[PDB]
Every structure is written in structure tokens, then in C-alpha cells.
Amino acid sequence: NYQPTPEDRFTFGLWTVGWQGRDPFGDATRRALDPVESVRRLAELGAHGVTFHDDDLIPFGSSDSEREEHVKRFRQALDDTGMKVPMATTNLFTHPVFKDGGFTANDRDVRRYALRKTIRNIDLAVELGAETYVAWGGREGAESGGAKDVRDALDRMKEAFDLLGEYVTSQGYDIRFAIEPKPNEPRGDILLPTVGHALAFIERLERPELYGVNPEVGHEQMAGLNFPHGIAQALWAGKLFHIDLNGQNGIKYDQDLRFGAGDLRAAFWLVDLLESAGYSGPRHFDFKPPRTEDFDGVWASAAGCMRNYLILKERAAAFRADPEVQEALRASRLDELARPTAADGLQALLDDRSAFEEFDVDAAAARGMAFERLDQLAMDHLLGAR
């Protein structure tokens, strides 16, 4: 039951199952994983593919020789398993050089280095088959108000993203970029803190069609925001290039729980939306098996990610397929929401006395929305109580 297969397009970062358990207040609880072993164990679990930071796959400061050997080993594991690599990203946050940012570090030479580090890994990503290249500006921001001129920082952020878009255009690459928003941590406030801010920023770039968002469940929830709503707006803009799935219990540090944990009802409505809208990108899990777990718990946690997606997928499908739910949706006028407000046009609206002068405001106010009955049908399906 609920066994994942590659058609489900489930993917995992090397850094997820490979997280050793170091947190602000504690040392590693698990040994480091060989990327080759992760590719194999994930393939056995039914995953579609893997993702990586440059520094997950090639240890930082590697010579050309060692770099080659790490990449060759990895590609062989991908060949043995048929695992794909739909997305890759740059580590612009771990090394102390990035303590004030990469693309928006106050130090100009760091910003140039950030771009060269990213461009090198774009080449490798394209070679391995990645269709999306993710930017998470985890270090772009400040802890204090005077440390960062944010208009200048956004100048530098636009400049970097424009340069990356000129680079892929000059190479004839098909890869597109996806910004992964996060409101805070490790910086006190991070630039482009939500899906909305990232989408707005993209529209000021030179080639906006090359850039979308990679929203993460837990990150929008760290701002108390409704993650299905933000995904809906990303889909509405045509910008949902990729997505990070995990769990988060409210407004606190970034938990990265396995998907399904945290806000379970939001996970249900998210899966309902992704499936209904026909999202066809990777279902990527950016999660961390809690450091309480040994290696067997790591793989159980990763399996649980896919399992919870597939259960929720079945619950939302049954919900939508239920005639009683279809009738409830009509009773709540979800169908009227889809009708143009005034396709008859502005002048017809202005002359339409039934829209104002003769609008019976009180009869319309008295019509109950029947939202609670519909939500309890949704709850009944989610819990299997139908």
C-alpha cells in the first residue's frame, strides 16, 4: 500500500538523508553518507531522483583530479539505478567567506566569487540533466538595520541573477532558475523573504522568463503564511518551477520535518492543489531526519515523506471525486467564483442597475456560504471517515 514509484517524481537532496545532525546546540549524531550510497538507497525506496549542492558532491576545495573522481562515482551510481538529477544548487552559505552573503555580500570580491562558484556548478548541473537550478540566498540579509542597504542589495541581487541568465543564454542551456524564499535563519531577516517577494523581484530581471520560485512548505509557514495560497499564486503566475516539501510546526526555527508532519491539513490542501492544477515538476523533499534517529530512522523518515504524499493524494482525489463534495462545492458557489465578474464590460456594469441601485444587499448578505459543511466533508475524507 502507498508504495512510491519513479512516476511519482519524488526527489531528495543529498543533504537531507545525509544530514549528520549538527544543530546550533549539538554535535553530529550520524556519520557522513557517501553520495553513491544515498543514490542507491533512495532508488530502492522508489525515489525518482536526487539533487545536490556543489559541496555535497565535491568536498570544498577539491582539486580537479579529486573533483573528477567524485563526479565519476556519482554518475555511475546514477547509471546503475536510472536515478535522475532534476535540480541542483550552490552552497553559498556554509563557508565563513559567505558570512554576510554571496550575491549581496558587502564585499565586492565575495560577490564575484559567489558568482564564479555558482557558474561552475551550473555547468555540472546541466551535464547531469538538471532542468532547474535553485538559488537559496540564506546569507543575504542582516541582523541589524544599518548593516545592509537593501535597495543596493537588491541592485546586486538583480545584477547577479542577470549575469547568470546571460551565462545560460550564451551557453545555449535549457536550464531555468528557481529562487527558494526563506524569511529568516541563519540571518536575522533574509532578503526576498517569501514567495511573493521572490515573484515580484523576478519581474525586474532582464529575462524574467528564465526565473521562477522553489517555495518550501516550512519557509512560508515560518512567516505564518498559508502555503497552499502562496503555491496557488505561484501557479497563477506560471512560476512554480519546483517545490520543496517538508513539515513545520508554526513560527519558530526551520524544522524541515518529513512531509506530512507539522501542519497536516495544509499538507492535504497542498497535495490537493498540486494534483488538481496538474503540477508536473519534481516532488522534492528538503527535510532533515531528526538527529534522534540512527541510519534506519533516516530511511524510514525519507520513506515516510513519499508515503504521506501518496496517502494525501488518495484522500484529496476521493474528496474531489465525491458527489456529495461536488454538490457542496456548488452550494458554496465555488463554481460562481470561476465565472467572469463582468465579461459584459465596464459600461454595461456601470449601467447595470441590478449591480448597485437595485442590488438587494440584505438578501445577498443572508445567503450562508455553507463553508463549514464543505470543510467537514474535507475533514471526513482526510481522516478516512466517509
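Note that residue numbering begins at 1 and tracks the sequence as displayed.
The PDB entry reports B-factors from which the mean C-alpha value can be compared for 230-238 and 123-131; the larger average falls on 123-131.
Of the two stretches examined, 91-99 and 167-175, the record assigns the greater average C-alpha temperature factor to 167-175. For the set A47, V325, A355, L334, the PDB entry assigns the largest Cα B-factor to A355. Sorting the modelled residues of the chain by their CA temperature factor places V71 in the highest third. When all modelled residues of the chain are sorted by CA temperature factor, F10 is found within the lowest third. Ranked by Cα temperature factor within the chain, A364 sits in the highest third according to the deposited record. Placement of the Cα temperature factor of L78 within the chain: highest third of the modelled residues, per the deposited record.
Remark: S301 belongs to the middle third of its chain, ranked by C-alpha B-factor as recorded.
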